[PDB]
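Source file: model_29.pdb; contents: PDB, C-alpha atoms (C1' of nucleotides).
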MODEL        1
ATOM      1  CA  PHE A  51       0.000   0.000   0.000  1.00  0.00           C
ATOM      2  CA  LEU A  52       2.904   2.374   0.738  1.00  0.00           C
ATOM      3  CA  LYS A  53       5.024   1.365  -2.272  1.00  0.00           C
ATOM      4  CA  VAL A  54       2.754   2.713  -5.033  1.00  0.00           C
ATOM      5  CA  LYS A  55       0.930   5.181  -2.721  1.00  0.00           C
ATOM      6  CA  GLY A  56       3.532   6.806  -0.526  1.00  0.00           C
ATOM      7  CA  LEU A  57       3.731   9.132   2.482  1.00  0.00           C
ATOM      8  CA  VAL A  58       3.054  12.549   0.891  1.00  0.00           C
ATOM      9  CA  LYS A  59      -0.170  11.325  -0.695  1.00  0.00           C
ATOM     10  CA  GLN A  60      -2.328  14.375   0.033  1.00  0.00           C
ATOM     11  CA  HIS A  61       0.255  16.965  -0.993  1.00  0.00           C
ATOM     12  CA  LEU A  62       1.292  15.725  -4.437  1.00  0.00           C
ATOM     13  CA  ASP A  63      -1.934  14.131  -5.727  1.00  0.00           C
ATOM     14  CA  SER A  64      -3.799  17.437  -5.377  1.00  0.00           C
ATOM     15  CA  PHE A  65      -1.179  19.527  -7.182  1.00  0.00           C
ATOM     16  CA  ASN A  66      -1.022  16.860  -9.885  1.00  0.00           C
ATOM     17  CA  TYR A  67      -4.795  17.190 -10.190  1.00  0.00           C
ATOM     18  CA  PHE A  68      -4.353  20.968 -10.483  1.00  0.00           C
ATOM     19  CA  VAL A  69      -1.826  21.247 -13.299  1.00  0.00           C
ATOM     20  CA  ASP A  70      -3.397  18.725 -15.677  1.00  0.00           C
ATOM     21  CA  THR A  71      -7.186  18.988 -15.434  1.00  0.00           C
ATOM     22  CA  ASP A  72      -8.112  21.921 -13.196  1.00  0.00           C
ATOM     23  CA  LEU A  73      -6.633  24.697 -15.355  1.00  0.00           C
ATOM     24  CA  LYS A  74      -8.777  23.987 -18.425  1.00  0.00           C
ATOM     25  CA  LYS A  75     -11.885  24.393 -16.242  1.00  0.00           C
ATOM     26  CA  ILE A  76     -10.863  27.984 -15.398  1.00  0.00           C
ATOM     27  CA  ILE A  77     -10.078  29.476 -18.812  1.00  0.00           C
ATOM     28  CA  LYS A  78     -13.473  28.093 -19.876  1.00  0.00           C
ATOM     29  CA  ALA A  79     -15.076  30.198 -17.107  1.00  0.00           C
ATOM     30  CA  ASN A  80     -13.391  33.552 -17.860  1.00  0.00           C
ATOM     31  CA  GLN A  81     -13.022  33.412 -21.646  1.00  0.00           C
ATOM     32  CA  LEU A  82     -13.834  36.088 -24.253  1.00  0.00           C
ATOM     33  CA  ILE A  83     -12.785  39.395 -22.768  1.00  0.00           C
ATOM     34  CA  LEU A  84     -14.565  42.123 -24.718  1.00  0.00           C
ATOM     35  CA  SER A  85     -14.278  45.853 -25.377  1.00  0.00           C
ATOM     36  CA  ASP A  86     -17.478  47.860 -25.764  1.00  0.00           C
ATOM     37  CA  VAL A  87     -15.618  50.515 -27.739  1.00  0.00           C
ATOM     38  CA  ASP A  88     -14.727  49.082 -31.173  1.00  0.00           C
ATOM     39  CA  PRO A  89     -16.981  46.063 -30.646  1.00  0.00           C
ATOM     40  CA  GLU A  90     -15.359  43.713 -33.205  1.00  0.00           C
ATOM     41  CA  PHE A  91     -12.318  42.913 -31.018  1.00  0.00           C
ATOM     42  CA  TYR A  92     -12.185  39.733 -28.949  1.00  0.00           C
ATOM     43  CA  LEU A  93      -9.489  37.726 -27.153  1.00  0.00           C
ATOM     44  CA  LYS A  94     -10.459  34.160 -26.254  1.00  0.00           C
ATOM     45  CA  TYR A  95      -8.377  31.373 -24.733  1.00  0.00           C
ATOM     46  CA  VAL A  96      -8.441  27.930 -26.336  1.00  0.00           C
ATOM     47  CA  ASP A  97      -6.239  25.985 -23.891  1.00  0.00           C
ATOM     48  CA  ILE A  98      -3.551  26.311 -21.218  1.00  0.00           C
ATOM     49  CA  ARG A  99      -0.434  24.266 -20.476  1.00  0.00           C
ATOM     50  CA  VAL A 100       2.345  24.307 -17.880  1.00  0.00           C
TER      51      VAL A 100
ATOM     52  CA  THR B 360     -32.664  48.033 -36.267  1.00  0.00           C
ATOM     53  CA  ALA B 361     -35.696  50.012 -35.133  1.00  0.00           C
ATOM     54  CA  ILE B 362     -37.893  48.949 -32.222  1.00  0.00           C
ATOM     55  CA  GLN B 363     -40.343  46.107 -32.858  1.00  0.00           C
ATOM     56  CA  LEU B 364     -43.721  45.282 -31.304  1.00  0.00           C
ATOM     57  CA  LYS B 365     -46.348  42.558 -31.643  1.00  0.00           C
ATOM     58  CA  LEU B 366     -50.078  42.047 -31.078  1.00  0.00           C
ATOM     59  CA  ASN B 367     -50.959  39.498 -28.403  1.00  0.00           C
ATOM     60  CA  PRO B 368     -54.500  38.215 -27.862  1.00  0.00           C
ATOM     61  CA  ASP B 369     -53.941  38.820 -24.131  1.00  0.00           C
ATOM     62  CA  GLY B 370     -52.271  42.227 -24.281  1.00  0.00           C
ATOM     63  CA  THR B 371     -52.581  43.806 -27.709  1.00  0.00           C
ATOM     64  CA  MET B 372     -50.260  46.643 -28.768  1.00  0.00           C
ATOM     65  CA  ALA B 373     -47.441  45.426 -26.508  1.00  0.00           C
ATOM     66  CA  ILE B 374     -43.812  46.177 -27.368  1.00  0.00           C
ATOM     67  CA  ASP B 375     -40.960  43.698 -27.035  1.00  0.00           C
ATOM     68  CA  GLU B 376     -38.630  44.275 -24.088  1.00  0.00           C
ATOM     69  CA  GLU B 377     -35.700  42.564 -25.830  1.00  0.00           C
ATOM     70  CA  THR B 378     -35.924  44.730 -28.962  1.00  0.00           C
ATOM     71  CA  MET B 379     -35.807  47.825 -26.737  1.00  0.00           C
ATOM     72  CA  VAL B 380     -32.078  47.184 -26.243  1.00  0.00           C
ATOM     73  CA  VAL B 381     -29.403  46.342 -28.809  1.00  0.00           C
ATOM     74  CA  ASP B 382     -26.526  43.890 -28.451  1.00  0.00           C
ATOM     75  CA  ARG B 383     -23.909  45.777 -30.535  1.00  0.00           C
ATOM     76  CA  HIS B 384     -21.951  42.558 -31.178  1.00  0.00           C
ATOM     77  CA  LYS B 385     -24.136  40.185 -33.230  1.00  0.00           C
ATOM     78  CA  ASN B 386     -23.669  42.448 -36.261  1.00  0.00           C
ATOM     79  CA  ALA B 387     -19.902  42.513 -35.696  1.00  0.00           C
ATOM     80  CA  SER B 388     -19.658  38.746 -35.186  1.00  0.00           C
ATOM     81  CA  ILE B 389     -21.258  37.949 -38.562  1.00  0.00           C
ATOM     82  CA  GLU B 390     -18.413  39.485 -40.569  1.00  0.00           C
ATOM     83  CA  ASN B 391     -15.777  38.251 -38.107  1.00  0.00           C
ATOM     84  CA  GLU B 392     -16.956  34.686 -38.725  1.00  0.00           C
ATOM     85  CA  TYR B 393     -16.595  35.377 -42.466  1.00  0.00           C
ATOM     86  CA  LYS B 394     -12.920  36.319 -42.322  1.00  0.00           C
ATOM     87  CA  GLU B 395     -10.010  34.151 -43.407  1.00  0.00           C
ATOM     88  CA  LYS B 396      -8.259  32.057 -40.756  1.00  0.00           C
ATOM     89  CA  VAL B 397      -4.468  31.690 -40.799  1.00  0.00           C
ATOM     90  CA  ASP B 398      -1.982  30.125 -38.380  1.00  0.00           C
ATOM     91  CA  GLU B 399       0.667  32.580 -37.206  1.00  0.00           C
ATOM     92  CA  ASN B 400       4.269  31.451 -37.636  1.00  0.00           C
ATOM     93  CA  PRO B 401       6.374  33.494 -35.166  1.00  0.00           C
ATOM     94  CA  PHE B 402       9.068  33.735 -37.855  1.00  0.00           C
ATOM     95  CA  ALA B 403       6.766  35.599 -40.256  1.00  0.00           C
ATOM     96  CA  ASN B 404       6.363  38.776 -38.175  1.00  0.00           C
ATOM     97  CA  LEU B 405      10.023  39.842 -38.488  1.00  0.00           C
ATOM     98  CA  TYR B 406      10.590  43.600 -38.510  1.00  0.00           C
ATOM     99  CA  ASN B 407      13.514  45.878 -39.305  1.00  0.00           C
ATOM    100  CA  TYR B 408      14.372  49.575 -39.534  1.00  0.00           C
ATOM    101  CA  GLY B 409      12.209  49.590 -42.656  1.00  0.00           C
ATOM    102  CA  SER B 410       9.015  49.154 -40.646  1.00  0.00           C
ATOM    103  CA  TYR B 411       6.202  51.514 -39.619  1.00  0.00           C
ATOM    104  CA  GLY B 412       7.624  54.398 -41.641  1.00  0.00           C
ATOM    105  CA  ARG B 413       5.782  56.266 -44.369  1.00  0.00           C
ATOM    106  CA  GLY B 414       6.974  55.987 -47.936  1.00  0.00           C
ATOM    107  CA  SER B 415       6.386  53.185 -50.427  1.00  0.00           C
ATOM    108  CA  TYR B 416       7.653  51.811 -53.742  1.00  0.00           C
ATOM    109  CA  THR B 417       7.283  54.142 -56.722  1.00  0.00           C
ATOM    110  CA  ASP B 418       6.184  52.479 -59.953  1.00  0.00           C
ATOM    111  CA  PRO B 419       9.008  53.339 -62.384  1.00  0.00           C
ATOM    112  CA  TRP B 420       8.263  55.727 -65.213  1.00  0.00           C
ATOM    113  CA  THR B 421       7.720  54.826 -68.867  1.00  0.00           C
ATOM    114  CA  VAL B 422       8.487  56.726 -72.059  1.00  0.00           C
ATOM    115  CA  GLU B 423       4.783  56.847 -72.932  1.00  0.00           C
ATOM    116  CA  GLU B 424       4.435  58.978 -69.790  1.00  0.00           C
ATOM    117  CA  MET B 425       7.318  61.279 -70.780  1.00  0.00           C
TER     118      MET B 425
ATOM    119  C1'   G C   1       6.448  45.212  14.433  1.00  0.00           C
ATOM    120  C1'   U C   2       4.257  39.657  13.474  1.00  0.00           C
ATOM    121  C1'   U C   3       4.767  34.329  13.927  1.00  0.00           C
ATOM    122  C1'   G C   4       6.981  29.623  15.418  1.00  0.00           C
ATOM    123  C1'   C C   5       8.989  26.711  19.747  1.00  0.00           C
ATOM    124  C1'   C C   6      10.731  25.246  24.725  1.00  0.00           C
TER     125        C C   6
ATOM    126  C1'  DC D   1      24.836  17.448 -75.852  1.00  0.00           C
ATOM    127  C1'  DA D   2      21.584  21.453 -75.536  1.00  0.00           C
ATOM    128  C1'  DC D   3      18.023  24.868 -75.115  1.00  0.00           C
ATOM    129  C1'  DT D   4      15.872  25.756 -71.647  1.00  0.00           C
ATOM    130  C1'  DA D   5      14.262  26.760 -66.108  1.00  0.00           C
ATOM    131  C1'  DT D   6      14.528  29.030 -62.139  1.00  0.00           C
ATOM    132  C1'  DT D   7      17.939  31.051 -59.616  1.00  0.00           C
ATOM    133  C1'  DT D   8      21.849  33.990 -58.239  1.00  0.00           C
ATOM    134  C1'  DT D   9      23.392  38.592 -58.355  1.00  0.00           C
ATOM    135  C1'  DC D  10      24.381  42.729 -59.361  1.00  0.00           C
ATOM    136  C1'  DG D  11      22.314  47.061 -60.343  1.00  0.00           C
ATOM    137  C1'  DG D  12      20.299  51.240 -60.838  1.00  0.00           C
ATOM    138  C1'  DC D  13      16.515  53.418 -59.143  1.00  0.00           C
ATOM    139  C1'  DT D  14      14.123  55.310 -55.481  1.00  0.00           C
ATOM    140  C1'  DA D  15      12.734  56.648 -50.520  1.00  0.00           C
ATOM    141  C1'  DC D  16      13.825  58.047 -46.766  1.00  0.00           C
ATOM    142  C1'  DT D  17      17.363  58.928 -43.056  1.00  0.00           C
ATOM    143  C1'  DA D  18      20.475  64.336 -39.119  1.00  0.00           C
ATOM    144  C1'  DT D  19      22.188  69.112 -40.751  1.00  0.00           C
ATOM    145  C1'  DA D  20      21.326  74.309 -40.187  1.00  0.00           C
ATOM    146  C1'  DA D  21      17.618  78.428 -41.189  1.00  0.00           C
ATOM    147  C1'  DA D  22      13.255  81.054 -42.172  1.00  0.00           C
ATOM    148  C1'  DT D  23       7.710  81.451 -40.951  1.00  0.00           C
ATOM    149  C1'  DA D  24       2.765  81.100 -40.069  1.00  0.00           C
ATOM    150  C1'  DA D  25      -0.335  78.128 -39.367  1.00  0.00           C
ATOM    151  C1'  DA D  26      -2.274  74.412 -37.584  1.00  0.00           C
ATOM    152  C1'  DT D  27      -2.158  70.653 -34.735  1.00  0.00           C
ATOM    153  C1'  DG D  28      -1.355  67.460 -30.829  1.00  0.00           C
ATOM    154  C1'  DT D  29       0.383  66.483 -26.232  1.00  0.00           C
ATOM    155  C1'  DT D  30       0.938  67.334 -21.628  1.00  0.00           C
ATOM    156  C1'  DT D  31       1.185  70.431 -15.919  1.00  0.00           C
ATOM    157  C1'  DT D  32      -1.124  73.862 -13.392  1.00  0.00           C
ATOM    158  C1'  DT D  33      -4.549  75.485 -11.450  1.00  0.00           C
ATOM    159  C1'  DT D  34     -10.094  76.250  -9.745  1.00  0.00           C
ATOM    160  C1'  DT D  35     -13.850  72.970  -8.687  1.00  0.00           C
ATOM    161  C1'  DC D  36     -18.554  69.148  -6.872  1.00  0.00           C
ATOM    162  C1'  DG D  37     -19.258  63.369  -7.241  1.00  0.00           C
ATOM    163  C1'  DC D  38     -27.387  61.560  -5.900  1.00  0.00           C
ATOM    164  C1'  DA D  39     -31.921  59.073  -4.191  1.00  0.00           C
ATOM    165  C1'  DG D  40     -34.445  60.595  -7.266  1.00  0.00           C
ATOM    166  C1'  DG D  41     -16.627  35.888  26.019  1.00  0.00           C
ATOM    167  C1'  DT D  42     -18.743  38.389  30.745  1.00  0.00           C
ATOM    168  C1'  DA D  43     -20.743  41.862  33.384  1.00  0.00           C
ATOM    169  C1'  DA D  44     -22.232  46.633  35.137  1.00  0.00           C
ATOM    170  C1'  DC D  45     -25.348  50.035  33.435  1.00  0.00           C
ATOM    171  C1'  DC D  46     -27.478  53.260  31.621  1.00  0.00           C
ATOM    172  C1'  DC D  47     -31.547  53.712  28.873  1.00  0.00           C
ATOM    173  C1'  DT D  48     -36.333  53.473  27.641  1.00  0.00           C
ATOM    174  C1'  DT D  49     -41.115  52.212  28.193  1.00  0.00           C
ATOM    175  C1'  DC D  50     -44.488  50.011  30.667  1.00  0.00           C
ATOM    176  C1'  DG D  51     -47.234  50.463  34.519  1.00  0.00           C
ATOM    177  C1'  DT D  52     -49.465  52.215  38.586  1.00  0.00           C
ATOM    178  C1'  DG D  53     -50.829  55.289  41.692  1.00  0.00           C
ATOM    179  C1'  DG D  54     -50.658  60.351  42.954  1.00  0.00           C
ATOM    180  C1'  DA D  55     -54.516  64.726  43.764  1.00  0.00           C
ATOM    181  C1'  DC D  56     -57.159  68.135  40.949  1.00  0.00           C
ATOM    182  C1'  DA D  57     -61.617  68.672  38.940  1.00  0.00           C
ATOM    183  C1'  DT D  58     -66.281  68.528  37.776  1.00  0.00           C
ATOM    184  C1'  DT D  59     -70.377  66.734  37.803  1.00  0.00           C
ATOM    185  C1'  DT D  60     -74.571  64.954  40.479  1.00  0.00           C
TER     186       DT D  60
ATOM    187  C1'  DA E   1     -72.182  67.032  48.935  1.00  0.00           C
ATOM    188  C1'  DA E   2     -68.915  63.376  46.540  1.00  0.00           C
ATOM    189  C1'  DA E   3     -67.785  60.095  43.244  1.00  0.00           C
ATOM    190  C1'  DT E   4     -66.010  59.506  39.221  1.00  0.00           C
ATOM    191  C1'  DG E   5     -63.370  61.391  35.445  1.00  0.00           C
ATOM    192  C1'  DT E   6     -58.911  62.635  34.570  1.00  0.00           C
ATOM    193  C1'  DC E   7     -54.291  63.641  34.638  1.00  0.00           C
ATOM    194  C1'  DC E   8     -49.386  63.184  36.527  1.00  0.00           C
ATOM    195  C1'  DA E   9     -44.763  61.433  38.254  1.00  0.00           C
ATOM    196  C1'  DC E  10     -41.854  57.988  40.447  1.00  0.00           C
ATOM    197  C1'  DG E  11     -40.478  53.370  40.122  1.00  0.00           C
ATOM    198  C1'  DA E  12     -40.010  48.445  37.838  1.00  0.00           C
ATOM    199  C1'  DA E  13     -38.522  45.565  34.498  1.00  0.00           C
ATOM    200  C1'  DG E  14     -35.860  44.698  30.847  1.00  0.00           C
ATOM    201  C1'  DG E  15     -33.724  47.149  26.980  1.00  0.00           C
ATOM    202  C1'  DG E  16     -29.122  47.091  24.297  1.00  0.00           C
ATOM    203  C1'  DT E  17     -24.211  49.107  25.390  1.00  0.00           C
ATOM    204  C1'  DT E  18     -19.477  49.086  26.482  1.00  0.00           C
ATOM    205  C1'  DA E  19     -13.836  47.318  28.508  1.00  0.00           C
ATOM    206  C1'  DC E  20     -12.681  42.461  29.645  1.00  0.00           C
ATOM    207  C1'  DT E  21      -9.691  37.537  29.935  1.00  0.00           C
ATOM    208  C1'  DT E  22      -0.657  34.352  32.376  1.00  0.00           C
ATOM    209  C1'  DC E  23       5.056  34.060  32.881  1.00  0.00           C
ATOM    210  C1'  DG E  24       8.889  33.909  31.128  1.00  0.00           C
ATOM    211  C1'  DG E  25      12.782  33.044  27.067  1.00  0.00           C
ATOM    212  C1'  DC E  26      14.623  31.803  22.092  1.00  0.00           C
ATOM    213  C1'  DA E  27      14.443  32.006  16.797  1.00  0.00           C
ATOM    214  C1'  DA E  28      13.437  35.486  13.569  1.00  0.00           C
ATOM    215  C1'  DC E  29      11.914  39.280  10.335  1.00  0.00           C
ATOM    216  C1'  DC E  30       9.236  44.320   7.608  1.00  0.00           C
ATOM    217  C1'  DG E  31     -11.846  61.441  -6.614  1.00  0.00           C
ATOM    218  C1'  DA E  32     -12.299  63.326 -11.196  1.00  0.00           C
ATOM    219  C1'  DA E  33     -12.730  66.948 -15.100  1.00  0.00           C
ATOM    220  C1'  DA E  34     -12.730  70.853 -17.543  1.00  0.00           C
ATOM    221  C1'  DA E  35     -10.125  74.648 -18.826  1.00  0.00           C
ATOM    222  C1'  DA E  36      -5.983  77.396 -19.495  1.00  0.00           C
ATOM    223  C1'  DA E  37      -1.418  77.287 -21.033  1.00  0.00           C
ATOM    224  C1'  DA E  38       2.904  75.958 -23.123  1.00  0.00           C
ATOM    225  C1'  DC E  39       5.191  74.211 -26.727  1.00  0.00           C
ATOM    226  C1'  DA E  40       6.970  70.377 -30.236  1.00  0.00           C
ATOM    227  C1'  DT E  41       5.807  68.551 -34.613  1.00  0.00           C
ATOM    228  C1'  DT E  42       4.049  68.652 -39.278  1.00  0.00           C
ATOM    229  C1'  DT E  43       3.553  71.604 -42.730  1.00  0.00           C
ATOM    230  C1'  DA E  44       7.124  73.108 -47.209  1.00  0.00           C
ATOM    231  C1'  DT E  45      12.143  74.229 -49.649  1.00  0.00           C
ATOM    232  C1'  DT E  46      16.666  73.947 -50.270  1.00  0.00           C
ATOM    233  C1'  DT E  47      21.426  71.258 -50.749  1.00  0.00           C
ATOM    234  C1'  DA E  48      24.991  69.244 -50.180  1.00  0.00           C
ATOM    235  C1'  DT E  49      26.596  62.978 -48.224  1.00  0.00           C
ATOM    236  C1'  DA E  50      26.345  56.823 -46.901  1.00  0.00           C
ATOM    237  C1'  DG E  51      23.526  53.959 -45.441  1.00  0.00           C
ATOM    238  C1'  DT E  52      19.449  50.594 -45.253  1.00  0.00           C
ATOM    239  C1'  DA E  53      16.139  48.808 -47.442  1.00  0.00           C
ATOM    240  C1'  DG E  54      12.841  47.730 -50.241  1.00  0.00           C
ATOM    241  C1'  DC E  55      11.218  46.295 -54.827  1.00  0.00           C
ATOM    242  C1'  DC E  56      12.353  45.062 -58.881  1.00  0.00           C
ATOM    243  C1'  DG E  57      14.588  42.967 -62.693  1.00  0.00           C
ATOM    244  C1'  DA E  58      16.837  41.710 -66.110  1.00  0.00           C
ATOM    245  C1'  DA E  59      20.342  39.240 -67.439  1.00  0.00           C
ATOM    246  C1'  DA E  60      24.357  36.370 -65.857  1.00  0.00           C
ATOM    247  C1'  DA E  61      24.750  31.398 -64.985  1.00  0.00           C
ATOM    248  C1'  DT E  62      24.909  27.018 -63.564  1.00  0.00           C
ATOM    249  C1'  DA E  63      21.526  23.548 -63.649  1.00  0.00           C
ATOM    250  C1'  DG E  64      17.411  20.385 -64.783  1.00  0.00           C
ATOM    251  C1'  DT E  65      15.231  17.733 -67.975  1.00  0.00           C
ATOM    252  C1'  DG E  66      15.030  15.078 -73.306  1.00  0.00           C
TER     253       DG E  66
ENDMDL
END
Could I get this file's structure written as structure tokens?
Amino acid sequence: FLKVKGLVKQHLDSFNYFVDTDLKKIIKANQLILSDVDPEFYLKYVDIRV
Amino acid sequence: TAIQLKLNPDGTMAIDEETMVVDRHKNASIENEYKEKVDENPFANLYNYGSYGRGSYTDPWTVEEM
RNA sequence: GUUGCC
DNA sequence: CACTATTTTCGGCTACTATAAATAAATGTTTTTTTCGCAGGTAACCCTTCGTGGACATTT
DNA sequence: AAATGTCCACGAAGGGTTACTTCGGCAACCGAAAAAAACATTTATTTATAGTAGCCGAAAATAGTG
């Protein structure tokens, strides 16, 4: 049980859940910043990687 | 893009609350969808001293013009 | 000034 | 072996680049002043109201 | 007369309101907005240099195909 699942189980397995999956769920919740002046300008984020 | 109303059997001569305001982006997004898509190569954007300065290439003169 | 410990 | 086929390269042609100096006119950019921003933990302890009874007053 | 109607002030009860909780020692470490004002640039026109730098471009040339 401790060979494949060590002693720092809670610290690393949350940060490894952060960098892979949890960042895509944040750019998809703050995408498409817009400017009301000159309304045909848009910056949207397609993905994110570390 | 003037204001639009409709005639209900319940309340006749009622005006639409959504047509009262304008979105100011649906018209812009139609043409922006119908623009050409290209993939930027970070080598293509190269710039030198001959950049962002007025002046262009003059079409050289012919003897018919003389 | 603020925290940690005996 | 040879006329091609695109390239390599010069090549001249042109378009700016500080330089001083005149306006006169217009423009564009930035400090220095003068000036009103909307609802239409525990425990005294003092504080307020509730209540209740005080004597004047006026009728019977 | 006198009895009731009424008005008045002190006190009672609870009302929310305000300063309160060891003794040492070691490590450390940290408003905005219009107006007034000033002043450079762009606006030409010379007229001398060399340098980039772009666009061309034709013609020099080795090369690719039959």
Within 8 Å of chain E, which residues of chain B show up when using only C-alpha atoms (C1' of nucleotides), listed as an NGL selection string? :B and (408-409 or 416)
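One finds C1' of residue 8 in chain E at 9.5 Å from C1' of residue 53 in chain D.
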Using all atoms listed in the file, can you tell me which of B:397, B:421, B:412, B:380 comes closest to residue 17 in chain D? B:412
In Å, rounded to a single decimal, give me how far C1' of residue 14 in chain D is from CA of residue 411 in chain B.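 Result for CA of residue 411 in chain B versus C1' of residue 14 in chain D: 18.1 Å, one decimal.
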Which residues, written as a compact mmCIF listing (two decimals) with C-alpha atoms (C1' of nucleotides), keeping the file's coordinate frame, have at least one atom at most 9 Å from range 26-29 of chain D, with all atoms listed in the file counted and residues fewer than 2 positions away on the same chain left out?
# COMPACT_ATOMS: atom_id res chain seq x y z
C1' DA D 24 2.76 81.10 -40.07
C1' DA E 40 6.97 70.38 -30.24
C1' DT E 41 5.81 68.55 -34.61
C1' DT E 42 4.05 68.65 -39.28
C1' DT E 43 3.55 71.60 -42.73
Atom-to-atom span, CA of residue 396 in chain B and CA of residue 415 in chain B, Å: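 Here the two named atoms are 27.5 Å from each other.
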